[PDB]
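K.L.:
so I pulled this structure from the PDB, and the sequence comes with it:
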Amino acid sequence: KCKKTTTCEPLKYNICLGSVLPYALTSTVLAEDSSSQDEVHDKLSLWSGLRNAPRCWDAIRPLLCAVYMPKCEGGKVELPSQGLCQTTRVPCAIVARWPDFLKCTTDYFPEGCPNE
Ligand SMILES: [Zn+2]
Ligand SMILES: [Zn+2]
Ligand SMILES: [Zn+2]
Ligand SMILES: [Zn+2]
Ligand SMILES: [Zn+2]
């Protein structure tokens with residue numbers, strides 16, 4: 001439930017929203033609005049407008065990176081965790097009120113995952 005089968009490809013960039021990613025491979029399969037790593041990069045640029053809400057921005061960065069530039073290894077991608085979603089909901093409550101995020105749905109944000 002914590003991983004999804006997919007084809008891994010090398011990361012286009014080793015930076016996500018100002019963080020250095022320690023892993024080398026990714027997939028776009030979790031980013032339902034994106035059909036390539038090129039599109040992912042453009043969507044993340046749009047998300048960066050949220051930098052003007054600094055408390056929400058700090059919380060949401062690892063969630064956006066876990067969705068848009070997730071770690072892929074062995075033909076599997078890791079999903080963003082329920083715990084990460086629930087924490088992000090509070091500082092980003094006012095902002096955006098992505099219904100899956102607001103509800104922290106358990107198919108998209110599974111419980112009991114190693115990277116929580
Ligand atoms: Zn490219
Ligand atoms: Zn921080
Ligand atoms: Zn949990
Ligand atoms: Zn859903
Ligand atoms: Zn729990």
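P.N.:
Received it, and whenever you're ready, just let me know what you need. Numbering: from 1, shown residues only. Ligands and ions are numbered 1, 2, ... in the order given.
K.L.:
so the residue in the chain that ligand 4 sits nearest to: helix, strand or coil?
P.N.:
Per CB to the ion, residue 100 is where the chain lies closest to ligand 4, at 4.3 Å. Backbone N, C-alpha and C define where each C-beta goes, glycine included. Following DSSP: H, G, I helix; E, B strand; the rest coil, we place residue 100 in the helix state.
K.L.:
return the residues in contact with it.
P.N.:
By CB atoms under 8 Å, 6 or more residues apart in numbering, the contact list for residue 100 reads 108-109.
K.L.:
can you rerun that using 6 Å?
P.N.:
residue 108 (CB atoms under 6 Å, 6 or more residues apart in numbering).
K.L.:
give the buried residues for stretch 19-28.
P.N.:
21, 25-28 (16 or more other CB atoms under 10 Å).
K.L.:
what is the neighbour count of whichever residue of the chain sits closest to ligand 3?
P.N.:
Nearest residue of the chain to ligand 3: residue 83, at 3.8 Å (CB to the ion). Neighbour count of residue 83, defined by other CB atoms under 10 Å: 15.
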